[PDB]
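Printed here is final-v7.cif (mmCIF, C-alpha atoms):
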```cif
data_coords
#
loop_
_atom_site.label_atom_id
_atom_site.label_comp_id
_atom_site.auth_asym_id
_atom_site.auth_seq_id
_atom_site.Cartn_x
_atom_site.Cartn_y
_atom_site.Cartn_z
CA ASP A 1 -163.15 27.83 -254.83
CA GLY A 2 -166.53 28.69 -256.38
CA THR A 3 -166.79 32.38 -255.45
CA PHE A 4 -168.42 33.60 -258.65
CA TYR A 5 -169.45 37.24 -258.81
CA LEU A 6 -170.12 38.16 -262.46
CA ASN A 7 -173.29 36.24 -263.32
CA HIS A 8 -175.36 39.40 -263.88
CA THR A 9 -173.19 40.49 -266.81
CA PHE A 10 -175.03 38.17 -269.21
CA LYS A 11 -177.66 39.41 -271.66
CA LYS A 12 -178.95 36.44 -273.69
CA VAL A 13 -177.99 32.87 -274.56
CA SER A 14 -178.67 31.23 -277.93
CA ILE A 15 -178.41 27.49 -278.59
CA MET A 16 -178.24 26.03 -282.10
CA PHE A 17 -178.01 22.35 -283.00
CA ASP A 18 -176.64 21.24 -286.38
CA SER A 19 -176.47 24.99 -287.20
CA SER A 20 -180.14 24.75 -288.27
CA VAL A 21 -182.48 23.71 -285.41
CA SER A 22 -182.85 25.75 -282.15
CA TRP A 23 -182.88 24.36 -278.57
CA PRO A 24 -185.40 24.09 -277.11
CA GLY A 25 -187.59 25.69 -279.82
CA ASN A 26 -191.11 24.17 -279.92
CA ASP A 27 -192.20 27.69 -278.93
CA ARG A 28 -191.60 26.86 -275.26
CA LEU A 29 -190.69 30.44 -274.28
CA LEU A 30 -191.90 34.00 -274.78
CA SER A 31 -188.69 34.55 -276.74
CA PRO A 32 -188.72 31.13 -278.43
CA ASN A 33 -185.28 31.08 -280.07
CA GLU A 34 -183.02 32.51 -277.34
CA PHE A 35 -182.79 32.80 -273.56
CA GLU A 36 -183.24 36.44 -272.53
CA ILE A 37 -181.57 36.53 -269.12
CA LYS A 38 -182.27 40.22 -268.56
CA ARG A 39 -184.09 42.84 -270.61
CA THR A 40 -183.24 46.44 -269.75
CA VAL A 41 -184.36 49.62 -271.55
CA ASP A 42 -187.21 47.43 -272.80
CA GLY A 43 -190.00 46.23 -270.58
CA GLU A 44 -192.97 45.61 -272.86
CA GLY A 45 -194.10 43.36 -270.00
CA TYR A 46 -191.72 40.40 -269.68
CA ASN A 47 -189.95 41.19 -266.38
CA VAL A 48 -190.40 39.78 -262.87
CA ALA A 49 -189.37 40.22 -259.23
CA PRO B 1 -156.93 16.02 -247.18
CA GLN B 2 -157.10 14.02 -250.39
CA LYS B 3 -159.51 15.43 -252.95
CA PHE B 4 -159.32 13.16 -256.01
CA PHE B 5 -162.77 11.72 -256.69
CA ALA B 6 -161.40 8.22 -257.32
CA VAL B 7 -159.31 7.79 -254.16
CA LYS B 8 -160.87 10.06 -251.55
CA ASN B 9 -163.38 7.39 -250.43
CA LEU B 10 -161.78 4.16 -251.66
CA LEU B 11 -161.66 1.27 -249.19
CA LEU B 12 -158.10 0.01 -249.61
CA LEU B 13 -157.41 -3.70 -249.11
CA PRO B 14 -154.35 -5.46 -247.66
CA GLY B 15 -151.15 -5.30 -249.67
CA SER B 16 -148.17 -3.05 -250.37
CA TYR B 17 -148.65 0.07 -252.49
CA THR B 18 -146.69 3.12 -253.60
CA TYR B 19 -148.33 6.46 -252.75
CA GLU B 20 -146.98 9.61 -254.36
CA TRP B 21 -148.12 13.20 -254.86
CA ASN B 22 -146.81 16.69 -255.62
CA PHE B 23 -147.11 19.92 -253.63
CA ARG B 24 -146.90 23.53 -254.77
CA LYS B 25 -144.43 26.09 -253.47
CA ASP B 26 -145.87 29.09 -255.34
CA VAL B 27 -147.03 31.65 -252.80
CA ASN B 28 -149.58 33.11 -255.23
CA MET B 29 -151.34 29.72 -255.22
CA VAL B 30 -151.02 28.47 -251.64
CA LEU B 31 -151.67 31.84 -249.97
CA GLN B 32 -154.63 34.20 -250.14
CA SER B 33 -154.69 37.94 -249.40
CA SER B 34 -157.58 40.35 -248.99
CA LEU B 35 -156.00 42.90 -251.33
CA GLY B 36 -155.05 40.51 -254.14
CA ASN B 37 -151.54 41.90 -254.49
CA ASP B 38 -148.77 39.83 -256.07
CA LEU B 39 -147.15 37.96 -253.18
CA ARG B 40 -144.25 36.80 -255.38
CA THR B 41 -142.87 40.33 -255.63
CA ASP B 42 -143.64 41.18 -251.99
CA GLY B 43 -141.26 38.71 -250.37
CA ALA B 44 -143.55 35.89 -249.27
CA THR B 45 -141.74 32.58 -248.82
CA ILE B 46 -142.91 29.08 -247.91
CA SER B 47 -140.62 26.13 -247.19
CA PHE B 48 -141.57 22.55 -246.33
CA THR B 49 -139.55 20.71 -243.70
CA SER B 50 -141.16 17.27 -243.50
CA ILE B 51 -144.35 15.78 -244.95
CA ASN B 52 -145.86 12.63 -243.44
CA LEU B 53 -148.87 10.42 -244.20
CA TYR B 54 -151.21 9.35 -241.40
CA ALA B 55 -153.73 6.53 -241.66
CA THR B 56 -156.10 5.05 -239.09
CA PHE B 57 -157.55 1.54 -239.12
CA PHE B 58 -160.78 0.23 -237.67
CA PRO B 59 -159.64 -2.47 -235.22
CA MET B 60 -162.07 -4.90 -236.84
CA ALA B 61 -162.03 -8.54 -235.77
CA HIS B 62 -159.62 -10.53 -237.91
CA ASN B 63 -162.25 -13.06 -238.99
CA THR B 64 -164.75 -10.43 -240.13
CA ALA B 65 -161.94 -8.49 -241.82
CA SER B 66 -160.80 -11.60 -243.70
CA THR B 67 -164.38 -12.23 -244.79
CA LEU B 68 -164.49 -8.60 -245.96
CA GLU B 69 -161.47 -8.94 -248.25
CA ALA B 70 -162.76 -12.32 -249.43
CA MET B 71 -166.11 -10.80 -250.38
CA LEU B 72 -164.63 -7.59 -251.81
CA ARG B 73 -162.23 -9.17 -254.34
CA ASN B 74 -165.01 -10.45 -256.63
CA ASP B 75 -165.93 -8.85 -259.95
CA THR B 76 -169.45 -7.83 -258.87
CA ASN B 77 -168.17 -6.08 -255.72
CA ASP B 78 -166.14 -3.40 -257.50
CA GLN B 79 -166.36 -0.02 -255.80
CA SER B 80 -167.57 2.74 -258.12
CA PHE B 81 -167.18 6.50 -257.65
CA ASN B 82 -168.16 9.61 -259.57
CA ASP B 83 -167.13 13.26 -259.42
CA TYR B 84 -169.75 15.51 -257.85
CA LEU B 85 -169.39 18.37 -260.33
CA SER B 86 -169.53 15.80 -263.15
CA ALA B 87 -168.88 18.37 -265.85
CA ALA B 88 -166.27 18.83 -268.54
CA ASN B 89 -164.69 22.25 -268.03
CA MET B 90 -164.19 24.54 -271.03
CA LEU B 91 -162.60 28.00 -270.88
CA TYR B 92 -163.23 30.52 -273.65
CA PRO B 93 -161.65 33.98 -273.98
CA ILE B 94 -163.70 37.17 -274.08
CA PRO B 95 -161.58 40.05 -275.45
CA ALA B 96 -161.76 43.42 -273.76
CA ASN B 97 -164.92 45.46 -274.51
CA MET C 1 -174.74 2.89 -275.07
CA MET C 2 -176.30 0.28 -272.78
CA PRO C 3 -173.22 -1.95 -272.12
CA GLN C 4 -170.90 0.77 -270.82
CA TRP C 5 -173.75 2.34 -268.83
CA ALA C 6 -174.41 -0.99 -267.13
CA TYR C 7 -170.66 -1.38 -266.59
CA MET C 8 -170.29 1.88 -264.64
CA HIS C 9 -173.84 1.87 -263.22
CA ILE C 10 -174.92 5.05 -264.99
CA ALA C 11 -178.26 3.38 -265.73
CA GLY C 12 -178.88 -0.12 -264.42
CA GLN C 13 -179.41 -2.25 -261.34
CA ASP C 14 -179.63 -0.41 -258.03
CA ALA C 15 -177.01 -0.74 -255.30
CA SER C 16 -178.32 -3.83 -253.53
CA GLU C 17 -179.19 -5.68 -256.74
CA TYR C 18 -175.72 -6.06 -258.24
CA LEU C 19 -173.90 -6.45 -254.93
CA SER C 20 -173.39 -9.95 -253.58
CA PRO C 21 -175.93 -11.13 -250.98
CA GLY C 22 -173.16 -11.64 -248.44
CA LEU C 23 -172.00 -8.08 -249.05
CA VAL C 24 -175.45 -6.58 -248.53
CA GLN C 25 -175.95 -8.62 -245.35
CA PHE C 26 -172.56 -7.45 -244.07
CA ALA C 27 -173.37 -3.83 -244.92
CA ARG C 28 -176.73 -4.09 -243.15
CA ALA C 29 -175.12 -5.64 -240.08
CA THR C 30 -172.18 -3.23 -239.81
CA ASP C 31 -173.81 0.02 -241.00
CA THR C 32 -173.92 1.20 -237.38
CA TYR C 33 -170.14 1.49 -237.03
CA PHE C 34 -168.63 0.77 -240.47
CA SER C 35 -170.70 2.24 -243.28
CA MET C 36 -169.92 1.45 -246.91
CA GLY C 37 -172.72 3.31 -248.67
CA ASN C 38 -170.48 5.74 -250.55
CA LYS C 39 -168.36 2.93 -251.99
CA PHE C 40 -171.08 1.65 -254.35
CA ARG C 41 -172.97 3.70 -256.92
CA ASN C 42 -176.76 4.03 -257.09
CA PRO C 43 -178.09 4.79 -260.59
CA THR C 44 -180.80 7.43 -260.94
CA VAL C 45 -182.72 7.80 -264.21
CA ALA C 46 -185.47 10.06 -265.40
CA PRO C 47 -188.75 8.71 -266.82
CA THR C 48 -188.94 8.88 -270.62
CA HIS C 49 -192.53 7.78 -271.25
CA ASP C 50 -195.67 9.94 -271.43
CA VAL C 51 -194.26 12.67 -269.17
CA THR C 52 -193.68 15.64 -271.51
CA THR C 53 -195.55 16.39 -274.72
CA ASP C 54 -193.13 16.33 -277.65
CA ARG C 55 -195.33 18.65 -279.73
CA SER C 56 -195.12 22.45 -279.95
CA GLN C 57 -196.77 24.51 -277.21
CA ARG C 58 -196.05 27.36 -274.78
CA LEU C 59 -194.96 26.98 -271.17
CA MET C 60 -196.38 30.32 -270.01
CA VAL D 1 -187.12 66.54 -258.89
CA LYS D 2 -188.18 64.53 -261.92
CA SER D 3 -186.78 61.01 -261.77
CA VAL D 4 -186.14 57.88 -263.82
CA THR D 5 -186.07 54.40 -262.30
CA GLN D 6 -183.19 51.94 -262.62
CA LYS D 7 -183.42 48.19 -262.10
CA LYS D 8 -180.80 45.45 -261.85
CA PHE D 9 -179.97 42.29 -259.92
CA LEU D 10 -177.03 40.57 -258.26
CA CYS D 11 -176.45 36.82 -258.05
CA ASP D 12 -173.15 35.72 -256.51
CA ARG D 13 -171.47 32.37 -255.72
CA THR D 14 -173.80 30.61 -258.14
CA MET D 15 -173.80 29.19 -261.66
CA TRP D 16 -176.41 29.82 -264.33
CA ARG D 17 -177.89 26.48 -265.37
CA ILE D 18 -179.70 25.37 -268.54
CA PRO D 19 -180.76 21.72 -268.13
CA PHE D 20 -181.05 19.29 -271.04
CA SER D 21 -184.58 18.11 -270.27
CA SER D 22 -187.89 18.53 -272.05
CA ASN D 23 -189.50 20.32 -269.08
CA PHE D 24 -186.33 21.77 -267.48
CA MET D 25 -186.93 19.63 -264.37
CA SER D 26 -184.38 17.34 -262.73
CA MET D 27 -186.40 14.14 -262.72
CA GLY D 28 -183.19 12.10 -262.74
CA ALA D 29 -179.46 12.18 -263.29
CA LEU D 30 -179.83 10.65 -266.75
CA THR D 31 -181.96 13.28 -268.46
CA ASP D 32 -184.80 12.27 -270.75
CA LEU D 33 -183.11 13.79 -273.80
CA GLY D 34 -179.87 12.17 -272.67
CA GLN D 35 -181.39 8.84 -273.68
CA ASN D 36 -183.24 10.26 -276.70
CA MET D 37 -182.90 8.42 -280.01
CA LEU D 38 -181.79 11.44 -282.06
CA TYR D 39 -179.18 12.22 -279.41
CA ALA D 40 -178.62 8.49 -278.92
CA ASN D 41 -176.98 7.61 -282.21
CA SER D 42 -176.95 10.67 -284.47
CA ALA D 43 -174.08 13.16 -284.45
CA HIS D 44 -174.72 16.90 -284.10
CA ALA D 45 -172.49 19.98 -283.99
CA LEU D 46 -173.64 22.51 -281.39
CA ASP D 47 -173.47 26.28 -281.89
CA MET D 48 -173.86 28.79 -279.05
CA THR D 49 -173.84 32.58 -279.01
CA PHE D 50 -173.67 34.63 -275.82
CA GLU D 51 -174.31 38.33 -275.21
CA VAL D 52 -172.59 40.09 -272.32
CA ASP D 53 -172.16 43.55 -270.89
CA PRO D 54 -168.80 44.84 -272.19
CA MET D 55 -166.07 45.42 -269.61
CA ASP D 56 -162.65 47.00 -270.03
CA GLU D 57 -160.66 43.93 -268.91
CA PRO D 58 -160.10 40.50 -270.47
CA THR D 59 -162.60 37.90 -269.33
CA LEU D 60 -163.12 34.17 -269.67
CA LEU D 61 -166.45 32.44 -270.28
CA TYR D 62 -166.54 29.38 -268.03
CA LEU D 63 -168.61 26.59 -269.58
CA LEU D 64 -169.53 23.32 -267.89
CA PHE D 65 -170.77 20.54 -270.16
CA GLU D 66 -172.60 18.32 -267.70
CA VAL D 67 -171.38 14.74 -268.16
CA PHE D 68 -170.96 11.47 -266.27
CA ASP D 69 -167.45 11.06 -264.81
CA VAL D 70 -167.26 7.60 -263.25
CA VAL D 71 -164.44 5.25 -262.23
CA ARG D 72 -164.56 1.53 -261.44
CA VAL D 73 -161.67 0.38 -259.22
CA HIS D 74 -160.79 -3.32 -259.04
CA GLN D 75 -158.47 -5.09 -256.60
CA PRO D 76 -158.58 -8.77 -257.60
CA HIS D 77 -155.43 -10.00 -255.80
CA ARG D 78 -153.19 -8.68 -253.05
CA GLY D 79 -151.44 -5.45 -253.93
CA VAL D 80 -153.20 -4.98 -257.28
CA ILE D 81 -155.41 -2.02 -258.19
CA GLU D 82 -157.04 -1.51 -261.58
CA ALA D 83 -159.24 1.51 -262.27
CA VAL D 84 -161.50 1.74 -265.33
CA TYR D 85 -162.60 5.28 -266.18
CA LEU D 86 -165.58 6.41 -268.31
CA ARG D 87 -166.59 10.03 -269.13
CA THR D 88 -169.89 10.37 -271.13
CA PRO D 89 -170.00 12.32 -273.34
CA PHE D 90 -166.88 14.36 -274.38
CA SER D 91 -164.86 11.16 -273.75
CA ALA D 92 -161.12 11.26 -273.09
#
```

Please express the file's structure as structure tokens.
Amino acid sequence: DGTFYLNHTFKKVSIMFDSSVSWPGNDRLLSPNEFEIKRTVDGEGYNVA
Amino acid sequence: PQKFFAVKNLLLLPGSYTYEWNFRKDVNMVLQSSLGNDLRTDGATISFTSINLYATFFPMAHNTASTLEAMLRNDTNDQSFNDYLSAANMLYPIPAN
Amino acid sequence: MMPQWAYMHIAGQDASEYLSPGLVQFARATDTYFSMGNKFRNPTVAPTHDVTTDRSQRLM
Amino acid sequence: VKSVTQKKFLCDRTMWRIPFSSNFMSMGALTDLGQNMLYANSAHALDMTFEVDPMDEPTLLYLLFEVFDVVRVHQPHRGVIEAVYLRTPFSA
């Protein structure tokens, strides 16, 4: 039915292609190699909202 | 209603067809409770008496209708449909802790 | 690649282009009471030419 | 009293999405990288690693691989239906 309620439980997402290259790479993000969904305890300056 | 992405909007043409489907009798699937308790062990029961199929037709003029089937039986006039979600579903286990 | 995509209209001619002229005239005439827009698929594609730099650089 | 701040967020009835486009923008249904040469004919094996907050009950990671799921239905004569299906990629 689509009633999802556990999206906040994620920490980071890492994508690897051919076990060697990273998606998207090309230094397109502050954390280039992964997707930091949320960053608690830390807070060097990369949080919003 | 009918929910299959291929036959929920198909414009069916004249002819004789066989239409068949299955229905669940499991209470834990067809019924919803606010507590989430197991309805199988709590005496819920559902029984179907008669199931019928209803269909309505546009009383289109016979000439325009005949032209419609004539024009809709060509190879370039094939109806095409796609599923809205349009994703392959994969389920992966996460063990406890 | 291309053949199957053209077959199921994933990327190809838009709705009115592949449909027969009689069919599009009928649809235009009868769209007031008998619509048939959902029955035929409209392909949507994204531009793949000089839109995004393929080099390495930062978003923010 | 002395205090320490806590921050968190809630996001219900929604799905996290990571689009397969160069600029993460939905310019079209067929993404730019979807028709990219390297992903046009080469074959690649994809590795993912997730990190989650541990919970004391079994859980399932729902994954949707966005594809094209199309069907072409043909009725050439009276009483005849033929449907041609195509899922791209992850084909049946």

Handout entry: Residue IDs satisfying the PyMOL selection byres ((chain B and resi 4) around 12), as a list in words
Key =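 Here the PyMOL selection byres ((chain B and resi 4) around 12) matches residues 1, 2, 3, 5, 6, 7, 8, 9, 10, 21, 81, 82, 83 and 84 of chain B; 71 of chain D.
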
Exercise for the section: Name the residues that the PyMOL selection byres ((chain C and resi 4-20) around 9) pulls out of this structure, and write them as a ChimeraX atom specification. Expected result: /B:71,74,76-78,80-81 /C:1-3,21-25,37,40-45 /D:29-30,68,70-72,84-86

Problem - Pick from B:92, B:85, B:66, B:38 nearest to chain A, counting all atoms listed in the file - result: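 Selected residue with least distance to chain A: B:85.
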
Using only C-alpha atoms, I'd like every residue of chain D that has an atom within 12 Å of chain C; please write them out as a compact mmCIF listing (two decimals) with C-alpha atoms, in the frame of the given file.
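Result written to part01.txt:
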```txt
# COMPACT_ATOMS: atom_id res chain seq x y z
CA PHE D 20 -181.05 19.29 -271.04
CA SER D 21 -184.58 18.11 -270.27
CA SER D 22 -187.89 18.53 -272.05
CA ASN D 23 -189.50 20.32 -269.08
CA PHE D 24 -186.33 21.77 -267.48
CA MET D 25 -186.93 19.63 -264.37
CA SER D 26 -184.38 17.34 -262.73
CA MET D 27 -186.40 14.14 -262.72
CA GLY D 28 -183.19 12.10 -262.74
CA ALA D 29 -179.46 12.18 -263.29
CA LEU D 30 -179.83 10.65 -266.75
CA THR D 31 -181.96 13.28 -268.46
CA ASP D 32 -184.80 12.27 -270.75
CA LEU D 33 -183.11 13.79 -273.80
CA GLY D 34 -179.87 12.17 -272.67
CA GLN D 35 -181.39 8.84 -273.68
CA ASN D 36 -183.24 10.26 -276.70
CA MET D 37 -182.90 8.42 -280.01
CA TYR D 39 -179.18 12.22 -279.41
CA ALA D 40 -178.62 8.49 -278.92
CA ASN D 41 -176.98 7.61 -282.21
CA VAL D 67 -171.38 14.74 -268.16
CA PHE D 68 -170.96 11.47 -266.27
CA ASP D 69 -167.45 11.06 -264.81
CA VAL D 70 -167.26 7.60 -263.25
CA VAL D 71 -164.44 5.25 -262.23
CA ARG D 72 -164.56 1.53 -261.44
CA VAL D 73 -161.67 0.38 -259.22
CA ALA D 83 -159.24 1.51 -262.27
CA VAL D 84 -161.50 1.74 -265.33
CA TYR D 85 -162.60 5.28 -266.18
CA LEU D 86 -165.58 6.41 -268.31
CA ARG D 87 -166.59 10.03 -269.13
CA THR D 88 -169.89 10.37 -271.13
CA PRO D 89 -170.00 12.32 -273.34
```

Exercise for the section: Name the residues that the PyMOL selection byres ((chain C) within 7 of (chain A)) pulls out of this structure, and write them as JSON, numbers by chain. Expected result: {"C": [55, 56, 57, 58, 59]}

Mind dumping the selected residues with C-alpha atoms as a compact mmCIF listing (two decimals), keeping the file's coordinate frame?
```
# COMPACT_ATOMS: atom_id res chain seq x y z
CA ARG C 55 -195.33 18.65 -279.73
CA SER C 56 -195.12 22.45 -279.95
CA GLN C 57 -196.77 24.51 -277.21
CA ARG C 58 -196.05 27.36 -274.78
CA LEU C 59 -194.96 26.98 -271.17
```

Exercise for the section: Excluding residue 7 in chain A and residues on its chain fewer than 4 positions from it, collect all residues at most 10 Å away from it, counting only C-alpha atoms, and give them as number ranges by chain. Expected result: A: 11; D: 9-16, 52

Handout entry: Neighbour list for range 30-35 of chain C as an MDAnalysis selection string, cut-off 12 Å, only C-alpha atoms, skip fewer than 3 positions in-chain
Key = (chainID B and resid 9 11 57:60 64:65 68) or (chainID C and resid 23:27 38:40)

Exercise for the section: Could you tell me which of D:46, D:90, D:61, D:80 comes closest to chain A if we count only C-alpha atoms? Expected result: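 Closest to chain A of all the choices is D:46.
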
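The gap separating CA of residue 12 in chain B from CA of residue 61 in chain B is 16.7 Å, in Å to one decimal.
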
Handout entry: Interatomic distance, CA of residue 94 in chain B to CA of residue 58 in chain D (Å, one decimal)
Key = 6.1 Å

Practice task
For residue 4 in chain D, work out the shell of residues within 12 Å, counting all atoms listed in the file and skipping chain neighbours fewer than 3 positions away, then give it as a list in words.
Solution key: residues 41 of chain A; 1 and 7 of chain D

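Reported to one decimal place, the separation of CA of residue 48 in chain D from CA of residue 19 in chain A is 9.4 Å.
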
Using all atoms listed in the file, collect all residues at a distance of at most 10 Å from (-149.4, 34.3, -253.0) as written in the file, then present them as a compact mmCIF listing (two decimals) with C-alpha atoms, in the frame of the given file.
```
# COMPACT_ATOMS: atom_id res chain seq x y z
CA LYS B 25 -144.43 26.09 -253.47
CA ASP B 26 -145.87 29.09 -255.34
CA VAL B 27 -147.03 31.65 -252.80
CA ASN B 28 -149.58 33.11 -255.23
CA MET B 29 -151.34 29.72 -255.22
CA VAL B 30 -151.02 28.47 -251.64
CA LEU B 31 -151.67 31.84 -249.97
CA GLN B 32 -154.63 34.20 -250.14
CA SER B 33 -154.69 37.94 -249.40
CA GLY B 36 -155.05 40.51 -254.14
CA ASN B 37 -151.54 41.90 -254.49
CA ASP B 38 -148.77 39.83 -256.07
CA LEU B 39 -147.15 37.96 -253.18
CA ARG B 40 -144.25 36.80 -255.38
CA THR B 41 -142.87 40.33 -255.63
CA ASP B 42 -143.64 41.18 -251.99
CA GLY B 43 -141.26 38.71 -250.37
CA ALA B 44 -143.55 35.89 -249.27
CA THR B 45 -141.74 32.58 -248.82
CA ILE B 46 -142.91 29.08 -247.91
```

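Those DNA, RNA and protein residues that approach the point (-191.6, 36.8, -266.6) to within 12 Å, considering all atoms listed in the file, are residues 29, 30, 31, 35, 36, 37, 38, 39, 43, 44, 45, 46, 47, 48 and 49 of chain A; 59 and 60 of chain C.
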